[PDB]
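Enquirer: sequence, then structure. It's an experimental one.
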Amino acid sequence: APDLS
Amino acid sequence: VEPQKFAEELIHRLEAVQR
Amino acid sequence: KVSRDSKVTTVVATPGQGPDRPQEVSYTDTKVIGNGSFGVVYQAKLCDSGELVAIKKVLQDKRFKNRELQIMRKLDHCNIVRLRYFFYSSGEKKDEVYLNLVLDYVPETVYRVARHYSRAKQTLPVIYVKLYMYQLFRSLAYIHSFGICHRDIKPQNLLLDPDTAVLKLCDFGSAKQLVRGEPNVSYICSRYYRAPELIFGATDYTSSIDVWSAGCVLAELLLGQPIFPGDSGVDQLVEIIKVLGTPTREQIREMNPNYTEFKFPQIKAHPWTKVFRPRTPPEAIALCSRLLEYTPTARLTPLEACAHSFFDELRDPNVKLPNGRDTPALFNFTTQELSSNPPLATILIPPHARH
Ligand SMILES: Nc1ncnc2c1ncn2[C@@H]1O[C@H](COP(=O)(O)OP(=O)(O)O)[C@@H](O)[C@H]1O
Ligand SMILES: [Cl-]
Ligand SMILES: [Mg+2]
Ligand SMILES: [Mg+2]
């Protein structure tokens, strides 16, 4: 779950 | 994860396990 | 393009290193060795070399920042799984763009090897604990030297070649180039391996969260099961406090200042020697306490961990594997991965290792 745009 | 709500749950859990 | 020979799949793929110079790549013997919501993972045989590869297929166009391809292209280390090629193709969802990552195939993982010893009720021999933990810290030292944080360290992401005892770090789908002063997602690790600052919802953490996850892995290997289990963040935090004791106000401020003014009950710390079995080596316990620290800056750096006395056996010139083979490469440090502490090369490189 990478950083949200 | 509001710190107020999170801390309350953690305190309630730690009190139960505390000696 | 798919043509007969076994079925031979031919694609024009870009090599991981160097500038973009795509070349035709042929492979066959496709089979699924994994599957998840991220995409599909395949095994393949390269037609030219015959070498086995893994093809991670994902949909790298989503809301989340997808840094996986760009991070892996910069990585070249013996303890990090190599990205041979990457290409694009149509996926299961029609009209969609799926990224294909061709990596070196590695048969096992630390989790799978550890689970066998748990099932057999044995304990993983300390030589493997030293070997596996040492190579993970080398990989972390390498990625951290570029400012990259893995953010998903755990046994399932540590690939093993049991013949050579070589460990390869993988699963860079959560890694990020951490920027000092730019907030980050706080839900970035996995269950049982999230550092306490992450559990407290911190968005200003650093690469030291990887060091905490390494300590969780180290304790898990010594223990036979995860040390801080629990479905929720409170559950896992209760496990941590029950071992480490209640964090101090200064320690809480080091993790997340928003919690400094709450009255957490004071729980006594459980001594490390009582956490593990009586047969546990003292230096493993010593290394573990310097990894699982509340204050993120107090945790050892990955390079410092490799210099720990627990890994002194690996630096022995006459050290050999249980199966008889010589140990893998361990002292071929580059100046890049020695950047954080060049003087550590006195300990990291034993006198026999220099030719
Ligand atoms: N190069 C590889 N060779 C063999 N197995 C792999 C490889 N990469 C990943 N795997 C397997 O796939 C599983 C998922 O890891 P990975 O695909 O890297 O990330 P994610 O879990 O996000 O899909 C791992 O448990 C691992 O066993
Ligand atoms: Cl054909
Ligand atoms: Mg994984
Ligand atoms: Mg992932």
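Expert: Done, it's in. Numbers count the residues shown, from 1 in each chain, chains lettered A, B, ... in the order given. Ligands and ions are numbered 1, 2, ... in the order given.
Enquirer: quick check: end-to-end length of stretch C:242-256?
Expert: End-to-end distance for stretch C:242-256: 20 Å, by C-alpha to C-alpha, to the nearest Å.
Enquirer: then stretch C:48-61?
Expert: For stretch C:48-61, by C-alpha to C-alpha, the gap between its terminal residues amounts to 31 Å.
Enquirer: what about that stretch and ligand 1, any contact?
Expert: Yes: under the criterion of C-beta under 6 Å from any ligand atom, stretch C:48-61 makes contact with ligand 1 via C:54, C:56. C-beta coordinates here come from the backbone N, C-alpha and C atoms, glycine included.
Enquirer: anything in that stretch near ligand 3?
Expert: No: judged by C-beta under 5 Å from the ion, stretch C:48-61 and ligand 3 are separated, with a smallest distance of 10.2 Å.
Enquirer: write out the residues of the stretch 1-150 of chain C neighbouring chain A.
Expert: C:63, C:64, C:65, C:66, C:67 (C-beta under 8 Å from any C-beta of the partner chain).
Enquirer: ok, so of those, who is nearest ligand 2?
Expert: residue C:66 (33.8 Å; C-beta to the ion).
Enquirer: for the closest one, which non-adjacent residue is spatially closest?
Expert: Nearest non-adjacent residue to residue C:66, counting by C-beta to C-beta, 6 or more residues apart in numbering or on different chains: residue C:60, 4.4 Å away.
Enquirer: list the residues that contact the one you found.
Expert: C:66, C:68, C:69, C:97, C:98, C:99 (C-beta atoms under 8 Å, 6 or more residues apart in numbering or on different chains).
Enquirer: so which helix or strand takes in the first one?
Expert: What it means is residue C:66. Counting by DSSP states H and E, no helix or strand carries residue C:66.
Enquirer: count the neighbours of residue 2 for me.
Expert: Going with chain B. 9 (other C-beta atoms under 10 Å in any protein chain shown).
Enquirer: my question was about chain C
Expert: 8.
Enquirer: neighbours around the residue nearest to it when sequence neighbours are not counted, how many?
Expert: Ranked by C-beta to C-beta, 6+ apart and with sequence neighbours excluded, the top spatial neighbour of residue C:2 is residue C:9, at 5.6 Å. A count of nearby residues for residue C:9, using other C-beta under 10 Å, gives 19.
Enquirer: render the CA-only coordinates of the helix or strand harbouring residue C:9 in CSV, please.
Expert: In this structure, residue C:9 is located in strand C:7-15 according to DSSP H and E. Extracted in CSV, the C-alpha atoms of strand C:7-15 (Å, rounded to 0.1, in the frame of the first residue of the first chain):
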residue,chain,number,x,y,z
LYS,C,7,5.0,-23.0,-26.0
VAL,C,8,7.6,-20.3,-26.5
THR,C,9,6.5,-16.8,-25.5
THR,C,10,8.5,-14.0,-27.3
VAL,C,11,8.5,-10.4,-26.1
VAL,C,12,10.6,-7.3,-26.5
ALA,C,13,11.8,-6.5,-23.0
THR,C,14,13.9,-3.8,-21.4
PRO,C,15,17.0,-4.9,-19.4
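Enquirer: quick one: strands adjacent to that strand?
Expert: Note on strand C:7-15: by DSSP bridges, its sheet partners are strand C:2-4 (antiparallel), strand C:23-36 (antiparallel), strand C:83-90 (antiparallel).
Enquirer: now check it, is it near ligand 2?
Expert: No: applying C-beta under 5 Å from the ion, one finds strand C:7-15 separated from ligand 2 by no less than 8.7 Å.
Enquirer: contact partners of that strand?
Expert: Contacts of strand C:7-15 (C-beta under 8 Å, 6+ apart): C:1-3, C:20-28, C:30, C:44, C:47, C:84-87, C:89, C:100, C:102.
Enquirer: now the one residue sitting closest to the centre of chain C: how far from residue C:280?
Expert: Among the residues of chain C, the one closest to the centroid is residue C:153, at 4.0 Å (C-alpha atoms, centre = their mean). Distance, residue C:153 to residue C:280, using C-beta to C-beta, to the nearest Å: 22 Å.
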